[PDB]
Structure formats: structure tokens, C-alpha cells
Amino acid sequence: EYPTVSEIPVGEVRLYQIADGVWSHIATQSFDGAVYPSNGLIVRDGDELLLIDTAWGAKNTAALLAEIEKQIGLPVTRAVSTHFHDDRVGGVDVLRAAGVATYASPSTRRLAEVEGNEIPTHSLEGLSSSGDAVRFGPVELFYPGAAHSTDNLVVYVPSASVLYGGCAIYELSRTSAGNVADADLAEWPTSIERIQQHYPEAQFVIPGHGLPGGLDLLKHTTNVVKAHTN
Ligand SMILES: CC(=O)SC[C@@H](CCCCc1ccccc1)P(=O)(O)O
Ligand SMILES: [Zn+2]
Ligand SMILES: [Zn+2]
């Protein structure tokens with residue numbers, strides 16, 4: 001029932017309802033000769049929608065906006081990118097062209113600029129130290145410390161007990177670290193520990209790629225990272 005990579009041609013986007021007023025969005029994109037699925041989040045914010053992460057590329061993000069208009073019909077008014085790589089900020093220009101106010105931490109904005117990626121317009125203050133959390137409409141943003149990247153944020157929806165880990169959290173079936181180019185393998189288990197401490201009550205955990213699960217994904221990810229380290 002959760003859509004898989006084989007079911008979503010590149011350029012199409014699926015919406016999956018996780019709880020009332022909470023959806024994931026699922027897209028697919030080419031990376032180094034293979035196509036991968038990728039998740040983001042959509043959260044009802046009163047009469048508006050809060051978007052967490054692009055759909056990995058301009059074309060996919062446009063399809064996401066279209067699918068949202070068709071299936072939900074509320075405007076996306078704000079978007080947060082959880083780190084600076086293309087699967088998270090690629091498409092920010094499309095969001096801005098459609099009237100969406102784009103946000104990310106100062107760190108993410110700077111790293112995106114250096115990388116030559118699209119740059120979210122607005123900075124999110126209050127997230128510069130490991131353990132920092134801030135409220136952002138219907139969600140809490142949390143910086144757990146360096147993991148998949150040094151800037152990676154996670155997102156909690158308190159009304160639904162949904163934890164979106166982004167690329168810091170792996171799906172259960174995944175045994176192999178992916179692109180760990182900007183990763184901090186030594187810090188990553190500690191950062192997961194911070195997430196586990198801060199959100200002990202999470203009922204649903206959404207990884208950056210693949211199938212949703214529960215808090216068991218946190219331990220699974222730590223095991224995989226440590227294996228790539230041992
Ligand atoms: C999310 C990651 O692991 S890094 C993001 C890169 C894409 C990563 C896809 C890696 C992957 C490998 C195996 C299964 C799922 C995803 P990009 O810099 O092109 O946005
Ligand atoms: Zn990344
Ligand atoms: Zn990713």
C-alpha cells in the first residue's frame with residue numbers, strides 16, 4: 001500500500017495519507033545510474049499547507065504542487081528543507097515561482113550555496129546547536145547534530161505523533177549506507193540518540209527514502225552506520 005520505487009515513474013509524485021492532516025509525498029529520481037524513491041511531508045496548517053522538503057528536482061516538485069492541488073486543494077504557503085542536498089532543496093525555485101515562502105537553517109542555506117544548489121529564501125533561527133528545537137506552525141523542527149549531513153534537521157508533528165527523520169533515518173530493509181559524502185559517521189549514532197530521547201512517544205517514523213516504520217528505524221539506522229564504521 002505504501003508506494004514503492006518501481007511503481008512511480010520519474011516525474012510523477014504520489015501522496016500518502018499518514019494521519020488526519022498529515023501526508024507523505026513520494027517521488028523518484030536518478031542518482032549515479034540508479035533511480036531511488038524519496039519522501040517528504042505535507043502538514044495541514046489551518047487553511048494552508050506546510051511542505052517539508054521538495055520532491056527532488058524542479059520537474060518532480062512541479063508535479064508535487066499539481067498533485068497537491070488536485071487531491072487536497074489547499075495552497076502550500078511555506079516549505080522547509082531539512083538539508084542542503086538536491087533531494088531536499090532541488091525545486092525550491094519552482095516553489096518560489098508558485099508563491100511558496102521557502103525556509104531552511106542558516107547552515108543549510110550556506111551549504112546549498114557552496115554546493116551550487118537552490119537556496120531557500122528565509123533563515124530558520126534557533127537551530128544552530130545540537131539539541132535545539134523550535135516550533136514552526138504545526139510542527140517542531142529539531143537539530144539532532146551531524147549525521148547524514150552536518151545540517152540535517154528532523155521534523156515532529158505533535159498532533160499525529162509523526163516523526164520525519166529525513167536522510168538521517170534509514171528504512172528498515174536498508175542495510176547499506178547510501179551517499180555518506182557529507183556524513184559524520186562518528187557523530188551519527190549520537191545524533192540518533194538525541195532524536196530517540198526527544199521523541200520517545202513517536203508512533204510513526206518516516207525515513208528519507210522508503211517505507212515508514214516506528215522507533216525501531218532509529219536503532220536500525222545506528223546499526224547500519226556503525227557497521228559501515230566497523
Ligand atoms: C539521502 C541520501 O542517502 S543522499 C541524497 C542523494 C541521493 C541519495 C540516494 C541514495 C540512496 C541509496 C540507496 C537507497 C535509497 C537512497 P542527492 O545528493 O542526489 O539528493
Ligand atoms: Zn543528502
Ligand atoms: Zn536523501
Side-chain angles (χ1 to χ4, degrees), residues 2-11 13-14 24-41 51-61 63-64 79-95 102 104-105 107-120 143-155 163-185 187-189 191-192 195 205-213 217-218 220-229:
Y2 200 82
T4 60
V5 56
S6 61
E7 302 173 338
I8 307 165
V10 173
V13 178
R14 306 286 184 249
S24 58
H25 61 83
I26 312 89
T28 53
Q29 185 60 261
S30 192
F31 172 67
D32 195 37
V35 163
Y36 303 89
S38 181
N39 302 312
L41 211 68
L51 179 61
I52 309 302
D53 288 325
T54 67
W56 195 352
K59 185 175 198 299
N60 283 353
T61 299
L64 166 65
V80 175
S81 294
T82 56
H83 73 275
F84 72 99
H85 289 154
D86 261 310
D87 57 338
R88 306 297 142 191
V89 298
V92 152
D93 289 352
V94 168
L95 298 179
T102 55
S105 73
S107 178
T108 297
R109 297 180 72 254
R110 293 188 293 260
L111 294 172
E113 189 172 37
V114 174
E115 191 63 16
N117 288 351
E118 299 159 63
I119 307 168
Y143 175 50
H148 167 82
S149 58
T150 63
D151 60 321
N152 49 202
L153 302 180
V154 304
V155 181
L163 177 63
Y164 172 72
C167 302
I169 303 306
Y170 287 1
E171 71 168 324
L172 179 62
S173 57
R174 168 174 181 180
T175 63
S176 79
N179 180 24
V180 290
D182 300 313
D184 189 325
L185 287 172
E187 287 301 329
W188 191 334
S191 302
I192 287 180
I195 298 164
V205 180
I206 316 300
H209 309 273
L211 260 37
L217 300 190
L218 302 194
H220 168 67
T221 304
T222 287
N223 294 333
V224 177
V225 170
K226 302 260 271 281
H228 184 296
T229 312

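Sequential numbering from 1 along the given sequence is applied to the chain's residues. Every number for a ligand or one of its atoms is a count from 1 in the order of the listing.
- Counting heavy atoms from C-beta outward, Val13 and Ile26 have side chains that stay 4.5 Å or more apart.
- Of all protein N/O/S atoms, those under 2.8 Å from the Zn ion (ligand 2) are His83 NE2, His85 ND1, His148 NE2, and waters are not counted.
- The stretch residues 84-95 participates, sequence neighbours left out, in these salt bridge (charged side-chain N to carboxylate O under 4.0 Å, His left out) pairs: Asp53-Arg88, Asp93-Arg96.
- If you look at ligand 1, the protein residues with a non-hydrogen atom under 4.0 Å away are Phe31, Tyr36, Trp56, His85, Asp86, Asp87, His148, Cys167, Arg174, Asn179, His209.
- With a 4.5 Å cut-off on side-chain heavy atoms, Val35 and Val5 count as touching.
- Between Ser191 and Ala146, the shortest heavy-atom contact is OG-O, 2.6 Å.
- Taking the salt bridge (charged side-chain N to carboxylate O under 4.0 Å, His left out) definition, one finds that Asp182 meets it with nothing, sequence neighbours left out.
- Counting only N and O atoms by type, the side chains of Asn39 and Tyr2 include a donor and acceptor under 3.5 Å apart.
- Ring orientation note: the planes of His83 and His148 are nearly perpendicular, at an angle over 60° on the 30°/60° scale.
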Start with the C-alpha distance between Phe31 and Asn179, add both sets of side-chain angles, then the distance that settles side chain to side chain contact (heavy atoms under 4.5 Å, CB included), and finish with yes or no. CA-CA 10 Å; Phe31 172 67; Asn179 180 24; 4.0 Å; yes
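- You'll find the side chain of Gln29 reaches within 4.5 Å of the side chain of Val10, heavy atoms only.
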